[PDB]
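For reference, coords_35.csv (CSV, C-alpha atoms):
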chain,number,residue,atom,x,y,z
A,1,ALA,CA,76.6,116.3,124.9
A,2,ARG,CA,76.6,118.5,121.7
A,3,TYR,CA,79.2,120.5,119.7
A,4,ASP,CA,78.7,124.2,120.3
A,5,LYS,CA,81.9,125.8,118.9
A,6,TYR,CA,83.7,123.9,116.2
A,7,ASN,CA,86.5,125.2,114.0
A,8,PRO,CA,86.9,123.3,110.6
A,9,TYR,CA,90.5,124.6,110.1
A,10,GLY,CA,92.7,122.6,112.5
A,11,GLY,CA,90.2,122.7,115.4
A,12,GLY,CA,88.9,119.3,114.1
A,13,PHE,CA,89.1,117.0,111.1
A,14,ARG,CA,87.1,114.7,108.8
A,15,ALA,CA,87.8,110.9,109.0
A,16,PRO,CA,85.8,107.7,108.1
A,17,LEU,CA,84.2,105.8,110.9
A,18,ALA,CA,85.8,102.3,111.5
A,19,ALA,CA,82.6,100.4,112.6
A,20,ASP,CA,78.9,101.1,113.1
A,21,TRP,CA,77.9,103.4,116.0
A,22,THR,CA,74.4,102.6,117.3
A,23,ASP,CA,71.6,105.0,118.6
A,24,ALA,CA,72.5,103.7,122.1
A,25,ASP,CA,75.7,105.9,121.8
A,26,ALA,CA,73.7,108.9,120.4
A,27,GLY,CA,74.6,112.1,122.3
A,28,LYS,CA,77.4,110.5,124.3
A,29,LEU,CA,81.0,111.9,124.1
A,30,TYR,CA,83.9,109.4,123.6
A,31,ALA,CA,87.6,110.0,123.1
A,32,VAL,CA,88.7,108.5,119.7
A,33,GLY,CA,91.8,107.5,117.7
A,34,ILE,CA,92.7,106.2,114.3
A,35,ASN,CA,93.3,102.5,113.5
A,36,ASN,CA,96.1,101.2,111.1
A,37,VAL,CA,93.6,101.5,108.2
A,38,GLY,CA,93.0,105.2,108.7
A,39,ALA,CA,89.5,105.1,110.3
A,40,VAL,CA,88.0,106.3,113.7
A,41,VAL,CA,87.9,103.9,116.7
A,42,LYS,CA,86.9,104.5,120.4
A,43,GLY,CA,89.9,105.0,122.7
A,44,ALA,CA,93.5,105.2,121.4
A,45,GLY,CA,94.1,103.6,117.9
A,46,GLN,CA,97.6,103.4,116.6
A,47,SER,CA,97.6,107.3,116.7
A,48,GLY,CA,97.1,107.5,120.5
A,49,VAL,CA,94.0,109.5,121.3
A,50,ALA,CA,93.3,111.8,118.3
A,51,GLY,CA,90.3,113.8,119.6
A,52,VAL,CA,86.7,113.5,120.9
A,53,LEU,CA,83.5,112.6,119.0
A,54,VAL,CA,79.8,113.1,119.5
A,55,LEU,CA,77.2,111.6,117.1
A,56,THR,CA,73.6,113.0,117.5
A,57,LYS,CA,72.2,109.8,115.8
A,58,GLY,CA,73.7,106.3,114.9
A,59,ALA,CA,76.1,106.1,111.9
A,60,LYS,CA,77.3,103.3,109.6
A,61,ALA,CA,81.0,102.2,109.1
A,62,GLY,CA,82.8,104.2,106.4
A,63,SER,CA,80.6,107.3,106.8
A,64,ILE,CA,82.5,110.5,107.6
A,65,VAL,CA,82.6,111.9,111.1
A,66,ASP,CA,84.0,115.2,112.4
A,67,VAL,CA,86.5,114.6,115.2
A,68,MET,CA,87.2,117.6,117.5
A,69,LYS,CA,90.6,118.5,119.0
A,70,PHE,CA,89.8,122.1,120.1
A,71,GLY,CA,86.3,123.6,120.7
A,72,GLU,CA,83.3,123.8,123.1
A,73,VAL,CA,81.0,120.9,123.9
A,74,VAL,CA,77.6,121.8,125.7
A,75,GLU,CA,75.1,119.6,127.6
A,76,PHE,CA,78.3,117.7,128.8
A,77,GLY,CA,78.7,114.9,131.3
A,78,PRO,CA,80.7,111.7,131.8
A,79,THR,CA,80.4,109.0,129.1
A,80,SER,CA,78.8,106.5,131.6
A,81,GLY,CA,76.0,109.0,132.4
A,82,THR,CA,72.7,109.4,130.4
A,83,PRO,CA,72.6,112.3,127.8
A,84,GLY,CA,70.5,115.4,128.9
A,85,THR,CA,71.0,114.2,132.5
A,86,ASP,CA,73.9,113.5,135.0
A,87,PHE,CA,76.1,116.5,133.8
A,88,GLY,CA,79.8,117.3,134.6
A,89,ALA,CA,81.1,119.0,137.7
A,90,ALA,CA,82.0,122.7,137.4
A,91,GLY,CA,85.6,123.8,137.0
A,92,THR,CA,87.3,120.4,136.7
A,93,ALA,CA,89.7,118.5,134.3
A,94,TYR,CA,88.4,115.5,132.3
A,95,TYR,CA,90.4,112.4,131.1
A,96,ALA,CA,89.9,109.7,128.5
A,97,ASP,CA,90.4,106.0,129.3
A,98,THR,CA,92.6,105.1,126.4
A,99,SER,CA,91.2,101.6,126.2
A,100,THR,CA,87.4,102.2,126.1
A,101,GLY,CA,87.4,105.9,125.1
A,102,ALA,CA,85.2,106.7,128.2
A,103,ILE,CA,85.6,110.3,129.7
A,104,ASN,CA,85.4,111.1,133.4
A,105,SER,CA,87.0,113.4,136.0
A,106,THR,CA,89.4,110.8,137.5
A,107,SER,CA,93.0,111.4,136.6
A,108,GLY,CA,95.5,108.5,136.0
A,109,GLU,CA,99.0,108.1,134.6
A,110,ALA,CA,97.9,106.2,131.4
A,111,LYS,CA,94.9,108.5,130.7
A,112,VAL,CA,94.7,111.4,128.2
A,113,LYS,CA,93.4,114.8,129.3
A,114,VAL,CA,90.6,115.9,126.9
A,115,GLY,CA,89.6,119.3,128.4
A,116,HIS,CA,88.1,121.0,131.5
A,117,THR,CA,84.6,122.4,132.4
A,118,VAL,CA,83.5,126.0,132.7
A,119,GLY,CA,80.3,125.5,134.7
A,120,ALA,CA,78.7,122.0,134.9
A,121,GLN,CA,77.4,121.6,131.4
A,122,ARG,CA,80.2,123.1,129.2
A,123,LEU,CA,83.4,121.3,128.4
A,124,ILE,CA,86.3,123.3,126.8
A,125,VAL,CA,87.9,120.6,124.6
A,126,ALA,CA,91.6,120.8,124.1
A,127,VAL,CA,93.1,117.3,123.7
A,128,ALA,CA,96.6,116.7,125.1
A,129,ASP,CA,99.5,115.3,123.0
A,130,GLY,CA,99.8,112.1,125.0
A,131,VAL,CA,99.2,110.4,128.4
A,132,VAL,CA,99.3,112.3,131.8
A,133,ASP,CA,102.5,110.5,133.0
A,134,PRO,CA,104.5,108.1,130.7
A,135,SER,CA,107.2,107.7,133.5
A,136,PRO,CA,105.6,107.0,137.0
A,137,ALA,CA,107.8,106.9,140.1
B,1,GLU,CA,105.5,120.2,67.7
B,2,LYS,CA,104.6,120.3,71.4
B,3,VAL,CA,102.0,117.9,72.9
B,4,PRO,CA,100.8,118.9,76.4
B,5,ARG,CA,98.8,117.0,79.0
B,6,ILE,CA,97.1,117.9,82.3
B,7,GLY,CA,96.8,115.8,85.6
B,8,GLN,CA,93.4,115.0,87.2
B,9,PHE,CA,91.7,114.6,90.6
B,10,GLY,CA,88.5,113.2,92.2
B,11,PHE,CA,85.8,114.2,94.8
B,12,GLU,CA,85.7,113.4,98.5
B,13,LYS,CA,82.7,112.1,100.7
B,14,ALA,CA,81.2,115.2,102.4
B,15,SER,CA,80.6,115.7,106.2
B,16,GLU,CA,78.3,117.8,108.5
B,17,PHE,CA,80.9,120.1,110.2
B,18,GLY,CA,84.3,119.9,108.4
B,19,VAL,CA,85.7,121.0,105.0
B,20,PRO,CA,87.3,119.1,102.0
B,21,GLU,CA,90.9,118.5,101.2
B,22,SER,CA,92.2,120.9,98.5
B,23,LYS,CA,92.9,119.8,94.8
B,24,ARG,CA,95.7,120.9,92.4
B,25,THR,CA,96.8,119.8,88.9
B,26,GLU,CA,100.0,120.4,86.8
B,27,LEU,CA,100.9,120.6,83.1
B,28,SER,CA,103.6,118.6,81.2
B,29,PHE,CA,104.5,118.0,77.5
B,30,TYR,CA,106.5,116.1,75.0
B,31,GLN,CA,108.0,117.7,71.9
B,32,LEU,CA,109.2,116.6,68.4
B,33,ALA,CA,111.1,118.2,65.5
B,34,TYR,CA,111.9,117.6,61.9
B,35,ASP,CA,115.4,117.0,60.6
B,36,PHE,CA,117.2,119.0,57.8
B,37,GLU,CA,120.1,118.2,55.5
B,38,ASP,CA,121.9,119.4,52.3
B,39,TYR,CA,122.8,117.4,49.2
B,40,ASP,CA,125.2,118.2,46.3
B,41,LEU,CA,126.0,116.9,42.7
B,42,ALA,CA,128.5,118.2,40.0
B,43,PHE,CA,129.2,118.2,36.3
B,44,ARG,CA,132.8,119.0,35.3
B,45,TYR,CA,134.2,119.7,31.8
B,46,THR,CA,137.5,120.4,30.0
B,47,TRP,CA,137.6,123.4,27.6
B,48,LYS,CA,138.2,120.9,24.7
B,49,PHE,CA,135.1,118.9,25.6
B,50,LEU,CA,132.8,122.0,25.7
B,51,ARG,CA,134.2,123.1,22.3
B,52,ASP,CA,133.7,119.7,20.7
B,53,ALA,CA,130.7,117.9,22.4
B,54,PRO,CA,127.1,117.9,21.2
B,55,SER,CA,124.7,120.3,23.1
B,56,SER,CA,122.2,117.4,23.4
B,57,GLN,CA,124.6,115.6,25.8
B,58,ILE,CA,124.4,118.6,28.2
B,59,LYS,CA,120.6,118.6,28.1
B,60,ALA,CA,120.7,114.8,28.7
B,61,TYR,CA,123.0,115.3,31.8
B,62,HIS,CA,120.6,118.0,33.2
B,63,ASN,CA,117.7,115.6,32.8
B,64,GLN,CA,119.6,112.8,34.7
B,65,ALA,CA,120.4,115.2,37.6
B,66,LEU,CA,116.7,116.1,37.8
B,67,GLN,CA,116.0,112.3,37.9
B,68,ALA,CA,118.6,111.7,40.7
B,69,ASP,CA,116.7,114.3,42.8
B,70,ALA,CA,113.4,112.3,42.8
B,71,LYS,CA,115.4,109.1,43.8
B,72,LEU,CA,117.1,111.0,46.8
B,73,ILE,CA,113.8,112.3,48.3
B,74,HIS,CA,112.2,108.8,48.1
B,75,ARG,CA,115.2,107.2,49.9
B,76,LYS,CA,115.1,109.8,52.7
B,77,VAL,CA,111.3,109.4,53.2
B,78,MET,CA,111.7,105.6,53.4
B,79,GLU,CA,114.7,106.0,55.8
B,80,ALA,CA,112.5,108.2,58.1
B,81,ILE,CA,110.0,105.2,58.4

Could you show the structure in this file as structure tokens?
Amino acid sequence: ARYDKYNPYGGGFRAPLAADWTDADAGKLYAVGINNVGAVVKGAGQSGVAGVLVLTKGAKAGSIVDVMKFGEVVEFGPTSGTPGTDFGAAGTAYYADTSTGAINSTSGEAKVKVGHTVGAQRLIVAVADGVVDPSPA
Amino acid sequence: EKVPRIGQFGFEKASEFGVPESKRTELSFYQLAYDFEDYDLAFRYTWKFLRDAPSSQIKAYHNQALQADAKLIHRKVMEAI
């Protein structure tokens, strides 16, 4: 995955990274949140899910990252896939697991919708306010 | 007298896509002034006294008022401290 359209004014925001992200995560997309210290963590923090993050290379804790709330992500596929391979399905909604920050097409009441795909490899990012269903039957 | 001051701000760590928080600052001041006051003294005579008194006593009186002035300014400078 890569950022393709990013808007610095309310489309995304600067925050410090809470822990090291390794080159094993390079080019993966995760959903992310803010911990009680004000730094970026995978999954929901205290904030709920705040946005999505891609790093093109590994990054150290306390370095600044650009979290995306609204934009376009290209070369997209599920977080469990391999970058530049195993792309998304065309025309479908994508959801974060709030615990791990992993993104896939399977909906669930406790999950957060992050966007939908326009053709297999492009995700239109537009992160929801909260979980799909906070009051199941 | 007016003594102004200005607030101050610092940098932020940069990033690859996003943009910085904005910075502002504001003025404020103290101010101080100097007091002012008026002081009086008198000589009074009867007509018989000015007819009969030596003119040297009047010059001696004028000189002693001009001394009482220098005493006054010193007290009011030391009171200020």

Quick one: residues within 6 Å of range 101-103 of chain A, all atoms listed in the file counted, chain neighbours fewer than 6 positions away excluded, as an MDAnalysis selection string?
chainID A and resid 30:31 42:43 78:79 95

Could the residues of chain B within 10 Å of chain A, counting all atoms listed in the file, be given as a PyMOL selection string, please?
chain B and resi 13-21

Next, write the just-selected residues to a file, as a PDB file, in the coordinates of the input, keeping C-alpha atoms as the atom set.
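Done, and the output landed in again-v9.pdb:
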ATOM      1  CA  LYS B  13      82.700 112.100 100.700  1.00  0.00           C
ATOM      2  CA  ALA B  14      81.200 115.200 102.400  1.00  0.00           C
ATOM      3  CA  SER B  15      80.600 115.700 106.200  1.00  0.00           C
ATOM      4  CA  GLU B  16      78.300 117.800 108.500  1.00  0.00           C
ATOM      5  CA  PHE B  17      80.900 120.100 110.200  1.00  0.00           C
ATOM      6  CA  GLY B  18      84.300 119.900 108.400  1.00  0.00           C
ATOM      7  CA  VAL B  19      85.700 121.000 105.000  1.00  0.00           C
ATOM      8  CA  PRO B  20      87.300 119.100 102.000  1.00  0.00           C
ATOM      9  CA  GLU B  21      90.900 118.500 101.200  1.00  0.00           C
TER      10      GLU B  21
END

Would you kindly return, as an mmCIF file with C-alpha atoms, in the coordinates of the input, each protein, DNA or RNA residue with an atom no farther than 12 Å from any atom of range 1-11 of chain B, considering all atoms listed in the file and excluding same-chain residues fewer than 6 positions away?
data_model
loop_
_atom_site.group_PDB
_atom_site.id
_atom_site.type_symbol
_atom_site.label_atom_id
_atom_site.label_comp_id
_atom_site.auth_asym_id
_atom_site.auth_seq_id
_atom_site.Cartn_x
_atom_site.Cartn_y
_atom_site.Cartn_z
ATOM 1 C CA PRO B 20 87.300 119.100 102.000
ATOM 2 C CA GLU B 21 90.900 118.500 101.200
ATOM 3 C CA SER B 22 92.200 120.900 98.500
ATOM 4 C CA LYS B 23 92.900 119.800 94.800
ATOM 5 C CA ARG B 24 95.700 120.900 92.400
ATOM 6 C CA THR B 25 96.800 119.800 88.900
ATOM 7 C CA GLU B 26 100.000 120.400 86.800
ATOM 8 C CA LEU B 27 100.900 120.600 83.100
ATOM 9 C CA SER B 28 103.600 118.600 81.200
ATOM 10 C CA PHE B 29 104.500 118.000 77.500
ATOM 11 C CA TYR B 30 106.500 116.100 75.000
ATOM 12 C CA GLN B 31 108.000 117.700 71.900
ATOM 13 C CA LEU B 32 109.200 116.600 68.400
ATOM 14 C CA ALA B 33 111.100 118.200 65.500
ATOM 15 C CA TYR B 34 111.900 117.600 61.900
#

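If you look at CA of residue 64 in chain B and CA of residue 81 in chain B, they are 26.7 Å away from each other.
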
Identify which of the residues A:50, A:44, A:60, A:28 lies closest to residue 128 in chain A, counting only C-alpha atoms when measuring atom-to-atom distances.
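For residue 128 in chain A, the nearest of the candidates is A:50.
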
With distances taken over all atoms listed in the file, which of A:45, A:130, A:27, A:58 is nearest to residue 99 in chain A?
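Of A:45, A:130, A:27, A:58, the one nearest residue 99 in chain A is A:45, counting all atoms listed in the file.
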
One decimal, Å: what's the distance from CA of residue 69 in chain A over to CA of residue 51 in chain A, could you say?
4.7 Å

Can you pull out the residues contacting residue 61 in chain A? Cut-off 8 Å, using only C-alpha atoms, and skip same-chain residues under 3 positions away; I want them as a VMD selection string.
chain A and resid 16 to 21

Residue 37 in chain B environment, 12 Å, only C-alpha atoms, sequence neighbours closer than 6 positions dropped, as a PyMOL selection string:
chain B and resi 72-73+76

How about saving the chosen residues, C-alpha atoms kept, as an mmCIF file, in the coordinates of the input?
data_model
loop_
_atom_site.group_PDB
_atom_site.id
_atom_site.type_symbol
_atom_site.label_atom_id
_atom_site.label_comp_id
_atom_site.auth_asym_id
_atom_site.auth_seq_id
_atom_site.Cartn_x
_atom_site.Cartn_y
_atom_site.Cartn_z
ATOM 1 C CA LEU B 72 117.100 111.000 46.800
ATOM 2 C CA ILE B 73 113.800 112.300 48.300
ATOM 3 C CA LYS B 76 115.100 109.800 52.700
#

Counting only C-alpha atoms, which of B:80, B:63, B:58, B:74 gets nearest to residue 45 in chain B?
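Closest candidate: B:58.
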
What is the CA of residue 106 in chain A to CA of residue 54 in chain A distance in Å?
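Result for CA of residue 106 in chain A versus CA of residue 54 in chain A: 20.5 Å, one decimal.
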
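Closest to residue 69 in chain B among B:40, B:35, B:52, B:12 is B:40, based on only C-alpha atoms.
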
Name the residues in contact with residue 42 in chain B at a cut-off of 12 Å, using only C-alpha atoms, excluding same-chain residues fewer than 5 positions from it; report them as a ChimeraX atom specification.
/B:61-62,64-65,68

Some atoms are missing, so please complete range 16-32 of chain B with N, CA, C and O atoms and return it as a CSV table (one decimal), in the coordinates of the input.
chain,number,residue,atom,x,y,z
B,16,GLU,N,79.2,116.8,107.9
B,16,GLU,CA,78.3,117.8,108.5
B,16,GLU,C,79.0,119.0,109.0
B,16,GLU,O,78.5,120.1,108.7
B,17,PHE,N,80.2,119.0,109.6
B,17,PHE,CA,80.9,120.1,110.2
B,17,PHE,C,82.1,120.5,109.4
B,17,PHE,O,82.3,121.7,109.1
B,18,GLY,N,83.0,119.6,109.0
B,18,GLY,CA,84.3,119.9,108.4
B,18,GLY,C,84.3,120.3,107.0
B,18,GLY,O,83.2,120.4,106.3
B,19,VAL,N,85.5,120.5,106.4
B,19,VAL,CA,85.7,121.0,105.0
B,19,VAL,C,86.6,120.1,104.2
B,19,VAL,O,87.4,119.4,104.8
B,20,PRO,N,86.6,120.1,102.9
B,20,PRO,CA,87.3,119.1,102.0
B,20,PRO,C,88.8,119.3,102.0
B,20,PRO,O,89.3,120.4,102.3
B,21,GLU,N,89.6,118.3,101.7
B,21,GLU,CA,90.9,118.5,101.2
B,21,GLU,C,91.0,119.3,99.9
B,21,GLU,O,90.1,119.2,99.0
B,22,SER,N,92.0,120.0,99.7
B,22,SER,CA,92.2,120.9,98.5
B,22,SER,C,92.7,120.0,97.3
B,22,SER,O,93.5,119.1,97.5
B,23,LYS,N,92.4,120.4,96.1
B,23,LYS,CA,92.9,119.8,94.8
B,23,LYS,C,93.7,120.7,94.0
B,23,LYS,O,93.4,121.9,93.9
B,24,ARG,N,94.8,120.2,93.4
B,24,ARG,CA,95.7,120.9,92.4
B,24,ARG,C,95.9,120.0,91.2
B,24,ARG,O,95.6,118.8,91.2
B,25,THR,N,96.3,120.6,90.1
B,25,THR,CA,96.8,119.8,88.9
B,25,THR,C,98.0,120.6,88.3
B,25,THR,O,98.2,121.8,88.5
B,26,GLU,N,98.8,119.9,87.4
B,26,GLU,CA,100.0,120.4,86.8
B,26,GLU,C,100.0,120.0,85.3
B,26,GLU,O,99.4,118.9,84.9
B,27,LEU,N,100.6,120.8,84.5
B,27,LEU,CA,100.9,120.6,83.1
B,27,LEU,C,102.2,119.8,82.9
B,27,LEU,O,103.2,120.0,83.7
B,28,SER,N,102.3,119.1,81.8
B,28,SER,CA,103.6,118.6,81.2
B,28,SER,C,103.4,118.3,79.7
B,28,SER,O,102.3,118.3,79.2
B,29,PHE,N,104.5,118.2,79.0
B,29,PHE,CA,104.5,118.0,77.5
B,29,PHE,C,105.6,117.1,77.0
B,29,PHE,O,106.7,117.1,77.6
B,30,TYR,N,105.4,116.5,75.9
B,30,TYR,CA,106.5,116.1,75.0
B,30,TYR,C,106.7,117.1,73.8
B,30,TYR,O,105.8,117.9,73.6
B,31,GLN,N,107.8,117.0,73.1
B,31,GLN,CA,108.0,117.7,71.9
B,31,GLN,C,108.9,117.0,70.9
B,31,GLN,O,109.7,116.2,71.2
B,32,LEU,N,108.6,117.3,69.6
B,32,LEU,CA,109.2,116.6,68.4
B,32,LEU,C,109.6,117.6,67.4
B,32,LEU,O,108.9,118.6,67.2
